[PDB]
Protein chains: 2
Amino acid sequence: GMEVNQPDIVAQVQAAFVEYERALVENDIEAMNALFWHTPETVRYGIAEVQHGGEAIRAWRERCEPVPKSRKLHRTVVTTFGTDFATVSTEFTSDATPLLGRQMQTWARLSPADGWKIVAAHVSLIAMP
Amino acid sequence: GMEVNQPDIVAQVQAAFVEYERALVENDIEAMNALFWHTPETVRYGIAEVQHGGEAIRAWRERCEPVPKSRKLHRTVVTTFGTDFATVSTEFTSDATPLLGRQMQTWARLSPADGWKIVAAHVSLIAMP
């Protein structure tokens, strides 16, 4: 069904999410690719770019500038729906910009074997409200 | 059960989504509130603002500037997982700004009686390609 924030499920998603953040910080491309859905339907809206399909996304990871090592997360919200779906929303700052970063990822577990993956993500920077 | 893009489910979410767009364009606040999850867990990252919880989001709708009437969507991707979860990602332009808009919404059907709702949304503007 759709129990909201079942504790086991919140814990799985937190684990997967913080593993993605490690991959991000270390620019561990293989680890990022393992956790991001890789199909033509995948969409990623990034800070300065738009990517439709896993192939575009992967090609972009190979050439893009890495996240700043000073990246710091703020006000992370992990919300899960039943056992297989979730959203993780966080803000972020770093020394590389005065702007406020926002990141929202939709996570799904499309089969037990596949485990948790990001099926869509949107990242933006805005002036500190 | 998370089959991707079951046609009945894609059709349902497209209908709910285009109704939300009508509500946006007409600034029909009641209709928008009907389709947006209203709990403390709800998150919205807007063009110039960050809102945590249904109450902040509703209070913002009452005072914010409405979407430009000339708003036009581009490259809308509706992706459904099983019968109860979806993402809708679109770009948008208008005469009010030279910037390209991106909007990603996570949708869930939390119960049959509740129907489809936006449980998380992220909207941003960036320079055109």
# chains A, B, ... in the order shown; residues from 1 in each chain; ligands from 1

call {"tool": "interface_residues", "arguments": {"of": "chain B", "to": "chain A", "cutoff": "8 Å", "atoms": "only C-alpha atoms", "output": "list in words"}}
result
residues 1, 2, 3, 41, 43, 45, 47, 48, 49, 77, 79, 81, 85, 87, 89, 102, 104, 106, 110, 111, 120, 121, 122, 124, 126 and 127 of chain B

call {"tool": "write_last_selection", "arguments": {"atoms": "N, CA and C atoms", "output": "PDB file, in the first residue's frame"}}
result
ATOM      1  N   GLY B   1       4.953  -4.372  -7.415  1.00  0.00           N
ATOM      2  CA  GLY B   1       4.494  -4.143  -8.822  1.00  0.00           C
ATOM      3  C   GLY B   1       4.873  -2.729  -9.240  1.00  0.00           C
ATOM      4  N   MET B   2       5.915  -2.611 -10.084  1.00  0.00           N
ATOM      5  CA  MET B   2       6.349  -1.332 -10.646  1.00  0.00           C
ATOM      6  C   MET B   2       6.623  -1.396 -12.168  1.00  0.00           C
ATOM      7  N   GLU B   3       5.775  -2.087 -12.958  1.00  0.00           N
ATOM      8  CA  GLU B   3       5.763  -1.918 -14.426  1.00  0.00           C
ATOM      9  C   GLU B   3       5.796  -0.435 -14.808  1.00  0.00           C
ATOM     10  N   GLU B  41       5.211  16.932   5.582  1.00  0.00           N
ATOM     11  CA  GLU B  41       6.311  16.302   4.819  1.00  0.00           C
ATOM     12  C   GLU B  41       6.469  16.855   3.417  1.00  0.00           C
ATOM     13  N   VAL B  43       7.272  18.992   0.219  1.00  0.00           N
ATOM     14  CA  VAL B  43       8.316  19.942  -0.097  1.00  0.00           C
ATOM     15  C   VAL B  43       8.080  20.562  -1.485  1.00  0.00           C
ATOM     16  N   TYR B  45      10.294  23.303  -4.002  1.00  0.00           N
ATOM     17  CA  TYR B  45      11.324  24.258  -4.302  1.00  0.00           C
ATOM     18  C   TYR B  45      10.829  25.043  -5.488  1.00  0.00           C
ATOM     19  N   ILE B  47      10.794  28.893  -7.918  1.00  0.00           N
ATOM     20  CA  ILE B  47      11.777  29.648  -8.686  1.00  0.00           C
ATOM     21  C   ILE B  47      12.685  30.461  -7.756  1.00  0.00           C
ATOM     22  N   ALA B  48      12.081  31.059  -6.728  1.00  0.00           N
ATOM     23  CA  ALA B  48      12.764  31.969  -5.839  1.00  0.00           C
ATOM     24  C   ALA B  48      12.483  31.660  -4.387  1.00  0.00           C
ATOM     25  N   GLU B  49      12.019  30.463  -4.088  1.00  0.00           N
ATOM     26  CA  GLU B  49      11.615  30.181  -2.735  1.00  0.00           C
ATOM     27  C   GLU B  49      11.683  28.675  -2.436  1.00  0.00           C
ATOM     28  N   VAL B  77       7.642  14.976 -20.185  1.00  0.00           N
ATOM     29  CA  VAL B  77       7.855  13.544 -20.039  1.00  0.00           C
ATOM     30  C   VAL B  77       7.029  13.043 -18.851  1.00  0.00           C
ATOM     31  N   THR B  79       6.195   9.756 -16.707  1.00  0.00           N
ATOM     32  CA  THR B  79       6.676   8.385 -16.491  1.00  0.00           C
ATOM     33  C   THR B  79       5.965   7.826 -15.263  1.00  0.00           C
ATOM     34  N   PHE B  81       5.138   4.438 -12.517  1.00  0.00           N
ATOM     35  CA  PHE B  81       5.707   3.213 -11.981  1.00  0.00           C
ATOM     36  C   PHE B  81       4.592   2.493 -11.263  1.00  0.00           C
ATOM     37  N   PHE B  85       2.396   5.654  -8.731  1.00  0.00           N
ATOM     38  CA  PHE B  85       3.500   6.610  -8.630  1.00  0.00           C
ATOM     39  C   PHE B  85       3.876   7.107  -9.995  1.00  0.00           C
ATOM     40  N   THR B  87       6.412  10.450 -12.165  1.00  0.00           N
ATOM     41  CA  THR B  87       7.031  11.759 -12.259  1.00  0.00           C
ATOM     42  C   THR B  87       6.569  12.442 -13.526  1.00  0.00           C
ATOM     43  N   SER B  89       7.952  15.690 -15.781  1.00  0.00           N
ATOM     44  CA  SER B  89       8.993  16.657 -15.963  1.00  0.00           C
ATOM     45  C   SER B  89       8.664  17.457 -17.216  1.00  0.00           C
ATOM     46  N   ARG B 102      12.204  24.938 -15.870  1.00  0.00           N
ATOM     47  CA  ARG B 102      12.122  23.486 -15.690  1.00  0.00           C
ATOM     48  C   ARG B 102      11.235  23.242 -14.518  1.00  0.00           C
ATOM     49  N   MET B 104       9.735  19.798 -12.235  1.00  0.00           N
ATOM     50  CA  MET B 104       9.620  18.340 -12.043  1.00  0.00           C
ATOM     51  C   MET B 104       8.753  18.118 -10.882  1.00  0.00           C
ATOM     52  N   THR B 106       6.703  15.073  -8.511  1.00  0.00           N
ATOM     53  CA  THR B 106       6.534  13.657  -8.189  1.00  0.00           C
ATOM     54  C   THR B 106       5.078  13.540  -7.777  1.00  0.00           C
ATOM     55  N   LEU B 110      -2.173   8.055  -3.122  1.00  0.00           N
ATOM     56  CA  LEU B 110      -1.890   7.535  -1.808  1.00  0.00           C
ATOM     57  C   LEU B 110      -2.980   6.628  -1.324  1.00  0.00           C
ATOM     58  N   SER B 111      -4.178   6.823  -1.867  1.00  0.00           N
ATOM     59  CA  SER B 111      -5.308   5.906  -1.691  1.00  0.00           C
ATOM     60  C   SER B 111      -6.246   6.096  -2.871  1.00  0.00           C
ATOM     61  N   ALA B 120       5.778  16.222  -4.221  1.00  0.00           N
ATOM     62  CA  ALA B 120       6.986  17.029  -4.176  1.00  0.00           C
ATOM     63  C   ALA B 120       7.149  17.745  -5.517  1.00  0.00           C
ATOM     64  N   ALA B 121       7.605  19.003  -5.530  1.00  0.00           N
ATOM     65  CA  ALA B 121       7.854  19.697  -6.824  1.00  0.00           C
ATOM     66  C   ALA B 121       9.075  20.586  -6.765  1.00  0.00           C
ATOM     67  N   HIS B 122       9.774  20.688  -7.892  1.00  0.00           N
ATOM     68  CA  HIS B 122      10.950  21.565  -7.994  1.00  0.00           C
ATOM     69  C   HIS B 122      10.852  22.329  -9.309  1.00  0.00           C
ATOM     70  N   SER B 124      12.648  25.606 -11.537  1.00  0.00           N
ATOM     71  CA  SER B 124      13.753  26.555 -11.650  1.00  0.00           C
ATOM     72  C   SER B 124      13.836  27.148 -13.035  1.00  0.00           C
ATOM     73  N   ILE B 126      16.727  28.753 -15.858  1.00  0.00           N
ATOM     74  CA  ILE B 126      18.130  28.873 -16.265  1.00  0.00           C
ATOM     75  C   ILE B 126      18.167  29.554 -17.630  1.00  0.00           C
ATOM     76  N   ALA B 127      19.359  30.002 -18.019  1.00  0.00           N
ATOM     77  CA  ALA B 127      19.641  30.551 -19.331  1.00  0.00           C
ATOM     78  C   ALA B 127      19.221  29.560 -20.403  1.00  0.00           C
TER      79      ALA B 127
END

call {"tool": "select_by_dssp", "arguments": {"residues": "chain A", "states": "helix (DSSP H, G or I)", "output": "PyMOL selection string"}}
result
chain A and resi 7-26+29-34+54-63

call {"tool": "atom_distance", "arguments": {"atom1": "atom CA of residue 97 of chain B", "atom2": "atom CA of residue 94 of chain A"}}
result
27.9 Å

call {"tool": "atom_distance", "arguments": {"atom1": "atom CA of residue 53 of chain A", "atom2": "atom CA of residue 29 of chain A"}}
result
16.6 Å

call {"tool": "select_by_dssp", "arguments": {"residues": "chain B", "states": "strand (DSSP E or B)", "output": "PyMOL selection string"}}
result
chain B and resi 4+36+43-45+50-52+72-81+85-94+97-109+116-126

call {"tool": "write_last_selection", "arguments": {"atoms": "C-alpha atoms", "output": "short mmCIF file (atom, residue, chain, number, x, y, z; two decimals), in the first residue's frame"}}
result
data_model
loop_
_atom_site.label_atom_id
_atom_site.label_comp_id
_atom_site.auth_asym_id
_atom_site.auth_seq_id
_atom_site.Cartn_x
_atom_site.Cartn_y
_atom_site.Cartn_z
CA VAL B 4 6.87 1.23 -16.25
CA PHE B 36 -1.02 19.12 -4.09
CA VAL B 43 8.32 19.94 -0.10
CA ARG B 44 8.25 22.56 -2.86
CA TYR B 45 11.32 24.26 -4.30
CA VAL B 50 11.74 26.97 -0.64
CA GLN B 51 8.67 25.70 1.24
CA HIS B 52 8.48 22.85 3.72
CA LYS B 72 4.04 27.39 -22.91
CA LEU B 73 5.25 23.87 -22.10
CA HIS B 74 7.95 21.98 -24.00
CA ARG B 75 9.32 18.44 -23.87
CA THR B 76 6.91 17.00 -21.29
CA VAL B 77 7.85 13.54 -20.04
CA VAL B 78 5.28 11.55 -18.03
CA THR B 79 6.68 8.39 -16.49
CA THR B 80 4.59 6.05 -14.27
CA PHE B 81 5.71 3.21 -11.98
CA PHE B 85 3.50 6.61 -8.63
CA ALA B 86 4.77 8.92 -11.33
CA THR B 87 7.03 11.76 -12.26
CA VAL B 88 6.18 14.55 -14.65
CA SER B 89 8.99 16.66 -15.96
CA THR B 90 8.51 19.61 -18.28
CA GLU B 91 10.26 22.69 -19.57
CA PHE B 92 8.42 25.94 -20.07
CA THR B 93 8.87 29.37 -21.61
CA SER B 94 6.89 32.62 -21.53
CA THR B 97 11.27 35.99 -18.98
CA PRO B 98 14.06 35.12 -21.44
CA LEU B 99 14.98 32.14 -19.24
CA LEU B 100 14.16 28.51 -19.74
CA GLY B 101 11.99 27.02 -17.05
CA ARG B 102 12.12 23.49 -15.69
CA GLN B 103 9.47 21.87 -13.53
CA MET B 104 9.62 18.34 -12.04
CA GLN B 105 6.74 16.94 -10.04
CA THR B 106 6.53 13.66 -8.19
CA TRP B 107 2.98 12.29 -8.16
CA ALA B 108 1.42 9.61 -6.01
CA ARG B 109 -2.01 8.07 -5.54
CA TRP B 116 -3.53 11.59 -7.77
CA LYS B 117 -1.54 14.29 -5.93
CA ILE B 118 1.80 16.08 -6.28
CA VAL B 119 3.87 15.06 -3.27
CA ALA B 120 6.99 17.03 -4.18
CA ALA B 121 7.85 19.70 -6.82
CA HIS B 122 10.95 21.57 -7.99
CA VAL B 123 10.77 24.51 -10.38
CA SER B 124 13.75 26.56 -11.65
CA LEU B 125 14.81 28.97 -14.40
CA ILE B 126 18.13 28.87 -16.26
#
